[PDB]
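Heads up, the chain shows up twice below as structure tokens, two forms, tagged structure 1 and structure 2.
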Structure 1
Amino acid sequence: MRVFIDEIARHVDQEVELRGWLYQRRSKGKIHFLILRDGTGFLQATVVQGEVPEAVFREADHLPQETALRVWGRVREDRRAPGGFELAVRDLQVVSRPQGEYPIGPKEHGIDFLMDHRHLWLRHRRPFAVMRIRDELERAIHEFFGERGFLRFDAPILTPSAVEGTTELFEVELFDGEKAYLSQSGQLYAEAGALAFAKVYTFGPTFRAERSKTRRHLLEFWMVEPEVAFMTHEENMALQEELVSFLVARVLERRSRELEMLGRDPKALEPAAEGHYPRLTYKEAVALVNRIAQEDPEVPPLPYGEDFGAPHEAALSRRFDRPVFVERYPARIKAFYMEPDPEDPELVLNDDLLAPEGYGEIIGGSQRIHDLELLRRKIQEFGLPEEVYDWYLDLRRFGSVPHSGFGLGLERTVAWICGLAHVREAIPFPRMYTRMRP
């Protein structure tokens, strides 16, 4: 029967068929050494002369990289093998030979070349591990919220309303000269969903007109955006903590093989899986940065009332063994929808969660304004056209309740967990400022 390498362990001492590709080959003496990939793993295959037809054995000398194979043999247990098993080959059929030289040969390549050949690179072990961890998180997100009786609620991609500032917005031409924007966040719609279904979350693509090539920016990425009716600022942070803890615990438990392949230390992720996340006010945070900055001139200082930069977040996150919250920022550097702190009219009830080891923001959230008139002032204070947000105001006119929510950047979470050098490695086909292909 045809099996998958993923489950070769439960086919020990049995006749099996594999369908896959030739990853590597060495031919010396009276034995061929093969590594086969099938898409679910990598397995050692040995072709010994006598045990195979001479028509086969001569063919196994002229097999280039990424040759398509069908392979028949018996599975044997062996400690000195990638996985602890091997295939003793008995017969072999070639489905196709490479039409040219395989571009990603046994040489070191620069990231630029690798990303130019991303459609081929995805075959290799490191992307293999990443994509499987991405899959694990995507499944695990659905289970988490399903068990909590949350409803998935797909926010529209085409939108008239801006969410996070007029500065960076893509435009789409429609019919008869009409235009619309590409969603930067589906939050506004998630709120409507919240007042309708109590517990909702979006899980769709989002688009920012970013103009940098930093290790944490893409033009296209995926955002998970929960929203809950009646939920406070405090409850929001607790939920975020519950989520991140579960995700990391799930990766540690089920994807330990993949972590190994990425050379990531599990002991550096266990703390994040166990909750008890530290917590700072913005003020305490700015003060801790200014301490670090005075001891290290590479870390820049931060004047109070100014917005955090990546090095600020980076330095701050290295002080903790797990993600740290930063809360109660000044209203003037935040968003129009954010609820004022009842104690201090300068602050809003928001939070960002920073990933450890220098990674920075993985989540941004807040409590929302529920008072109609307060919202109206905020709109035009931010200089936003009131007309466009009239459906958003309806949510305050009818059935208005306190409510909170956040948005988790999936790529950034993937980069952190896998320990990658850039978010572009965390998605199949990245879209950056200067990278629109393939």
Structure 2
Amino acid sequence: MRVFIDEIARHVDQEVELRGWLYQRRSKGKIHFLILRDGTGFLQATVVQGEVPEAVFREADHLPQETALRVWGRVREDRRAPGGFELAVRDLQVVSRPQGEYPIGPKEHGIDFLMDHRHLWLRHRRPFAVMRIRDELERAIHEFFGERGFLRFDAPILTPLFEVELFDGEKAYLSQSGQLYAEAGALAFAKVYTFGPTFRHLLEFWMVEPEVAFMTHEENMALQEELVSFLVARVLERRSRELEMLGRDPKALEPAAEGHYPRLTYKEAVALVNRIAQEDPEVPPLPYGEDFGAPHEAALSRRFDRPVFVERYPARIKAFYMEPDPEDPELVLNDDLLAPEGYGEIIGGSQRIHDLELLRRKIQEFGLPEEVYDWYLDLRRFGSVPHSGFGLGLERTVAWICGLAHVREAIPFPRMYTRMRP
């Protein structure tokens, strides 16, 4: 029967069929060792001279990389085989051969060449591992919020920023965040999350944005920690093979899986960064009141062994909708979660204003057109409750978990100001 490499362990000592591609090939003495990929994994297939028809042995001599292939054989358990299993091949059929030379030979090229060939490069071991971890995270996000009674709530992408021309003279704008709509959602369904593209490194990325009715700042941070540690735990448990293919040290991820994330106020974070900047030539000072520069963010991130929260920034550098700190008028009740190892911010969140007049005056103080926000103001006129939410950047989270050098590797086909292709 036809099976997939991913399920090969369930078929030990049976005759099966694989359909896929020649990933690698080597020979020693009377054995050809093929590495086959079928899209769900990589598996050694042996072709043994004298134990298969000579035509089959010779045909298996004759296979360039990315030859498409059907192979038939017996599943063998064998710890000398990478994976722990191999296919003892009995028959083999070429489905197609490359028209030209395949552009990506093993262990050769630099990362940019590989990303220019992204549509082919996705087939290889490292992008395979990254994408399977990405899939694992997206599924696990839906399970995490589904099991807690959250409703997925798709925020609009077109908004009345990148500008889009509509029919006639009309113009719309690509969403940078579904949060405002998610708040309407939270007031209708108690607990919701968007899971969609937003547009601002990457021009285009994916954001999970939960909003919860009656939820406070502190509960908001607790929810963030709960989610991130669950996701790291889930990758550790189910994608340990992919982590291994990436050369990712699980020990760098285990603290995140256990929670108890350290927290810092903005003031404390600034003081810390400026202590670091004195003993360290490669970290510049940080004047109070400014947002964290890239080196500052990195220095904070590398200080801890798991994600670190930074909360209660100055109002002056945050958004109009954020709830003011009740014991400190210059600050708002917000938080950013920083991944360790220099990966930096993976979550941005806050408690939102629930008082009608406060929100009116904030909409003015921030010099905003009140009319366009009237519906948003309705959320305070009718059934207003304290509520909070946040947005998790999927690509930065993937990049961190996988240990990638750049976020563009975390998404199948990245869009950046420079590369917009394929």
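Only the largest set of C-alpha atoms that superpose within 1.5 Å between the two forms is called the rigid core. Start at 1 and count along the sequence of structure 1; that gives the residue numbers used here.
Superposed on the core, the two forms differ at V56: its CA moves 2 Å or more between the two structures. Once you line up the core between the two structures, the Cα of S27 ends up 2 Å or more from where it was.
Per-residue C-alpha deviation between the two structures, core superposed: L353, 0.4 Å. Aligning the rigid core between the two structures leaves the CA of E77 offset by 2.1 Å. Taking the core as the fixed frame between the two structures, we note the C-alpha of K378 moving 1.0 angstrom.
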